[PDB]
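Take a look at this single chain in structure tokens; it is the form deposited in one PDB entry.
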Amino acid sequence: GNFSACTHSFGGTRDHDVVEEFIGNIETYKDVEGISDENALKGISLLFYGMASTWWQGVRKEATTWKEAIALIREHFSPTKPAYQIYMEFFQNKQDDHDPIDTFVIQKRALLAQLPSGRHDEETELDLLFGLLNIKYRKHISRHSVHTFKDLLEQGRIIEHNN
């Protein structure tokens, strides 16, 4: 009753649906066979082979609960762009002299939409963006004069129309 009879296995395939299917299968097996969280944690290494086994050897001390073991599998194997990479790319290029504010804001908010969904509110997102705006706009627009991207775009478009 520790997964020694379980026919599900995971080798480290970096495929979201494969990871969710595996996690779903072992949660079901655990529930149907009446395995405790503590025993599921002590037996989970029986379900890994290849790269997943080498991986588990490296992280198992971090998994103090069954729930943390499941979170480690999702975090490590479900593929995503690392947040640190998104921030670096966000700060890599300032707004050009001839790039209008709408397309500049679209591209930047597109990078912000790659970060975890609940992490930043619109105020924080505006703070991240505001320093990259062209000096042409910041001469007219105080950070304290805008609360939303829509406020910023409304003032920026007026500036563009008056050139």
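Each residue number is its position in the shown sequence, starting from 1.
When the C-alpha B-factors of 102-110 and 28-36 are averaged, 28-36 comes out higher. In this crystal structure, the stretch out of 58-66 and 128-136 whose C-alpha atoms carry the higher mean B factor is 58-66. Per-chain ranking of the deposited C-alpha B factor places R14 in the middle third. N93: CA B factor in the highest third of modelled residues in this chain (values from the PDB entry). Ranked within its chain, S78 lands in the middle third, by CA B factor from the PDB record.
Remark: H120 belongs to the lowest third of its chain, ranked by C-alpha B-factor as recorded.
Below, we turn to the form deposited in another entry, even though it does not appear here.
Hinge residue for the rigid-body motion between this form and the one not shown, chosen from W66, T80, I141, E33: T80.
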